[PDB]
Amino acid sequence: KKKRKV
Amino acid sequence: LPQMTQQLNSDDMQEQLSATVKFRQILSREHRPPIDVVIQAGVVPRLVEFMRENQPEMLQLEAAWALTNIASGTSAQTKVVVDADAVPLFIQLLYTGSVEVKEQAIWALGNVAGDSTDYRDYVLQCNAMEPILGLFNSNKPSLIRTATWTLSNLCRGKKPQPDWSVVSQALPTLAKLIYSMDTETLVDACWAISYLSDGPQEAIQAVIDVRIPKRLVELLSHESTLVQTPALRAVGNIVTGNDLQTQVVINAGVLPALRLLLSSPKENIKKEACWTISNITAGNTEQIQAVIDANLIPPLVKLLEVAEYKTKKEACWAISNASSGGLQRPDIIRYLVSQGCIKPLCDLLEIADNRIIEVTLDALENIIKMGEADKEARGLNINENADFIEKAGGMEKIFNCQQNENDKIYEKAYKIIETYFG
Amino acid sequence: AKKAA
């Protein structure tokens, strides 16, 4: 999976 | 804005940091990040420079941040960053950078290694594992939580599987990670262990030697099914190996733990619990008795008759494999029959698919052979089990399997009817 | 009779 830095 | 791009390419240090910050800000919105627009400005390679050795640490952190989010898009978008040679630089930042910087780098690497088995392997071949294992010697939970997730992507993949000589090295660390208080970390460490367990006997032995299984079992009784799911998947993968490797897990008290999982409200959990149990009843006579003594047969029979198909399917195997050890211990069969598996077994023939019909007919057949061997000894006129199967309506259904297109089945069916119902 | 996946 992938994750975005918010 | 074009103004931003101009700045980013300025020789003026200050104007560059201002631009990297602005660029990173619009990729960190809460909404739809304009990834393509940014890529189109042609700034990616320019941001990759800012992660070099001599660059100010602030400029490195910022740049990596923007780049990590660009890498959180599609495979097409992640390729732009990988084609710019960002990977080798992210890795050197794991060594030299501050903690904030490392945090960003391991995150970026997480997205790249998560795109494809190719990138997963590329990151591994750039020797990222060495510095990554070193991140765990820190006290900061956040950093350790991201490193655990990233590690998970590196181990994941069973189509082309990851280089075993490399990933196998993370076992000792994982071993500790499964005692963490942090749920997110804990969860990902288990998934990682389960990925390393979906392999050959060599892999199963490694997990066993680093003494993971006993803990893995204690984790089956955690209250979050987020921990229960990956923990069960690894435990199940272990009992896939030979008898000795499977005894290590029986000895860790896994059977009593499985008795509970059968009541799990989560359907896929009931399934895999049956799956695991079935690979243990596929072992020696003693292991089959262990299962019987744990008192797993009764609940198994209940699911065999009322669970969803994908679960009954597994219950069937478990019970069927058990019937095998009936040649050696005639009582196993007696026990099974006394618990009422015949009726639920016969009824399954009516809705099962070809492969499950074979497993059911083998079980019914083993059950029948014993009841026949008893007609002899005890000197009975009839075959007790045979009469049981006629009652449940099993006989009629077995008879219908003679019209099944599959040779293995219809042949098996005629033999049963001939041999036991003439 | 050992099943893997």
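For each chain, positions are counted from 1 along the sequence as written; this may not be the entry's numbering. Residues without coordinates are not shown. Starting at A for chains and at 1 for ligands, labels are handed out in the order in which the entities are written. Each side-chain value is worked out from all heavy atoms of the structure, with water and hydrogens disregarded. Residues with missing side-chain atoms are left out of burial classes, side-chain pairs and their counts.

This deposited entry lists X-ray crystallography as its structure determination method and 2.8 Å as its resolution.

The PDB entry annotates chain B as KARYOPHERIN ALPHA of Saccharomyces cerevisiae. The PDB lists this entry under the title "KARYOPHERIN ALPHA (YEAST) + SV40 T ANTIGEN NLS". UniProt positions are given in the numbering used here, feature names are shortened, and annotations may be inferred rather than shown by experiment. Reading the Subunit entry of the UniProt record for chain B gives the comment "Forms a complex with an importin beta subunit. In the nucleus, interacts with NUP2 which accelerate release of NLSs, NUP2 is subsequently displaced by CSE1:RanGTP which mediates re-export and recycling. Interacts with HEH2, SHE2, and STS1." According to the UniProt record, the Subcellular location comment for chain B reads "Cytoplasm, Perinuclear region".

**Q** Which parts of the structure should I look at to understand the interface of chain A and chain B?
**A** With six residues of chain A at the contact, the number on the chain B side is 25 residues. A class-by-class count of the residues in the side of chain A that touches chain B yields one nonpolar, no polar and five charged. Whether two residues are in contact is decided by their heavy atoms, any of which lying within 4.5 Å being enough. Here the term charged refers only to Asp, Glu, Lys and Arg, the term nonpolar to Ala, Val, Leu, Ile, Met, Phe, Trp, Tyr, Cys and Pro, and the term polar to all other amino acids, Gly among them.

**Q** Before we go on, may I ask you to explain the packing of aromatic side chains in this structure?
**A** The geometry of an aromatic ring pair is captured by the separation of the ring centres together with the interplanar angle, meaning the angle of the planes. Residue and element names in this part refer to chain B. Working definition: a ring pair exists when centres of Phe, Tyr or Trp rings (six-membered ring for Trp) sit within 6.5 Å. Plane angles under 30 degrees give stacked, over 60 give edge-to-face, the rest tilted. Under the criterion given, the structure shown has two aromatic pairs over all chains. Summarising the aromatic geometry, the rings of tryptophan 191 and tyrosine 195 are spaced 5.9 Å apart at their centres and angled 35° between planes, so their arrangement reads as tilted. Separated by four residues within a single helix, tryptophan 191 and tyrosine 195 lie in helix α14 (residues 183–197), roughly one turn from each other. The partly exposed category is assigned to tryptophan 191, whose relative accessible area is 22%. The interplanar angle of 90° and the centroid separation of 6.3 Å between the aromatic rings of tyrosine 410 and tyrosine 414 together place this pair among those described as edge-to-face. In this pair, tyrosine 410 and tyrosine 414 both sit in helix α29 (residues 407–420), four residues apart, roughly one turn of the helix. Judged by relative accessible area, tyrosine 410 falls into the partly exposed class, the value being 27%. Starting at the N terminus, helices and strands are each numbered in turn, a helix being any DSSP run of H or I of at least four residues and a strand any DSSP run of E of at least two. Partly exposed residues are those whose accessible area sits between 20% and 50% of the maximum for their type, while under 20% is buried and over 50% is exposed, using a 1.4 Å probe and protein chains only.

**Q** What is the right way to look at unusual backbone geometry in this model?
**A** Leave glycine aside and you will find that most residues have negative phi; peptide bonds, for their part, are mostly trans. Residues and elements named next belong to chain B. You will see that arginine 211, though not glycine, has its phi angle at about 50°, which is positive. Inspection of the secondary structure puts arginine 211 in the loop between α15 (201–209) and α16 (213–218). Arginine 211 sits in the exposed class, given a relative accessible area of 74%.

**Q** Sorry if this is basic, but what is going on with the pattern of salt bridges here?
**A** Close approach of charged atoms allows side chains of opposite charge to pair. Residues and elements named next belong to chain B. Within this document, salt bridges are pairs made up of a side-chain nitrogen of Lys or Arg and a carboxyl oxygen of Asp or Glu, the two lying within 4 Å of each other. Evaluated as defined, the whole model comprises 17 salt bridges over all chains. A salt bridge links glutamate 305 to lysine 302, with the nearest nitrogen and oxygen atoms 3.6 Å apart. Residue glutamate 305 and its partner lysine 302 are located together in helix α22 (residues 297–306), separated by three residues, close to a single helical turn. Look at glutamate 305 and you get partly exposed, because its relative accessible area is 38%. Exposure remark for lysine 302: the relative accessible area of 48% places this residue in the partly exposed category. The closest approach of N and O atoms between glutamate 365 and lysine 369, which form a salt bridge, is 3.7 Å. Remark: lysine 369 and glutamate 365 occur in helix α26 (residues 354–377); sequence separation between them is four residues, near one turn of the helix. Through salt bridges that share partners, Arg46, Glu49 and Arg52 make up one connected network.

**Q** Sorry if this is basic, but what is going on with the arrangement of the chains here?
**A** Across the two pairs of chains in contact, the largest number of contacts is found between chains A and B. For the non-touching pair chain A and chain C, the nearest C-alpha separation works out to 21 Å.

**Q** Explain the interface of chain C and chain B here, please?
**A** Note on interface size: it is often stated as the accessible area lost on association of the parts. Opposite the five residues of chain C that make contact, chain B presents 13 residues. Buried area: the accessible area, evaluated with a 1.4 Å probe, that two parts lose upon being put together, summed over both parts. Each partner contributes to the roughly 750 Å² buried at the junction of chain C and chain B, and carbon and sulfur atoms together form 45% of this total. Looking at the side of chain C facing chain B, the largest losses of area belong to C:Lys2, C:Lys3 and C:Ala5, adding up to 82% of the total buried there. For B:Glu314, the salt bridge is made with C:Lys3, and the minimal N-O distance between the two is 2.5 Å. Contacts described as polar in this section are N or O atom pairs within 3.5 Å, which, within protein, must combine one atom able to donate a hydrogen with one able to accept it, while residues neighboring in sequence count only if both atoms come from side chains. On inspection of chain C and its partner chain B, the count reaches seven residue pairs in polar contact. For the side of chain C that touches chain B, the class distribution of residues is three nonpolar, no polar and two charged.

**Q** Whenever I open this one, the side chain of B:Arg46 confuses me. Can you help?
**A** Residue and element names in this part refer to chain B. Looking at the element boundaries, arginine 46 is found in helix α4 (residues 44–49). Note on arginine 46: relative accessible area 17%, which makes it buried. In this structure, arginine 46 is in contact with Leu8, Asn9, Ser10 and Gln16, ignoring residues within four places of it in sequence.

**Q** Looking at this model, I keep getting lost on helix α9 (residues 117–125) of chain B. Mind explaining?
**A** Because each turn of an α-helix spans 3.6 residues, side chains separated by three or four positions end up pointing in the same direction. All names here are of chain B. When we look at burial in α9, the residues that qualify are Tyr119, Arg120, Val123 and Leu124. Summarising the axial view, the buried residues of α9 lie within an arc of 140°, below the 170-degree limit, and thus occupy one face. In this structure, α9 carries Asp118 and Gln125 as exposed residues pointing more than 90 degrees from its buried face. Check the buried side of α9 and you find it contacts α6 (75–82), α7 (86–96), α8 (99–113), α10 (129–135), α11 (141–155) and α12 (164–167). Taking the helix axis as origin, the arc is that swept by the directions to the C-beta atoms.

**Q** Looking at this structure, how should I read the packing of helix α2 (residues 13–25) of chain B against helix α5 (residues 57–70) of chain B?
**A** Packed helix pairs are specified by the crossing angle of their axes together with the interaxial distance, meaning the distance between the axes. Residues and elements named next belong to chain B. Axis angles are defined between N-to-C directions and span 0 to 180 degrees, where every axis is a line fitted to C-alpha atoms and, for a helix, only to the segment in contact. Running from amino to carboxyl end, α2 crosses α5 at an angle of 30°, the nearest separation of the two axes being 9 Å. The pairing of α2 with α5 is recorded here as roughly parallel in orientation. Crossing of α2 over α5 shows left-handed handedness. Where α2 abuts α5, its residues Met13, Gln16, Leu17, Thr20, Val21 and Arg24 lie against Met58, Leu59, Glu62, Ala63, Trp65 and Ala66. Residue composition of the contact of α2 with α5, grouped by class: eight nonpolar, two polar and two charged. Roughly parallel means an angle under 35 degrees; roughly antiparallel, over 145; roughly perpendicular, 65 to 115; everything else is oblique. The hand of a helix crossing depends on one turn: near helix anticlockwise from the far one by less than a right angle means left-handed, and clockwise means right-handed.

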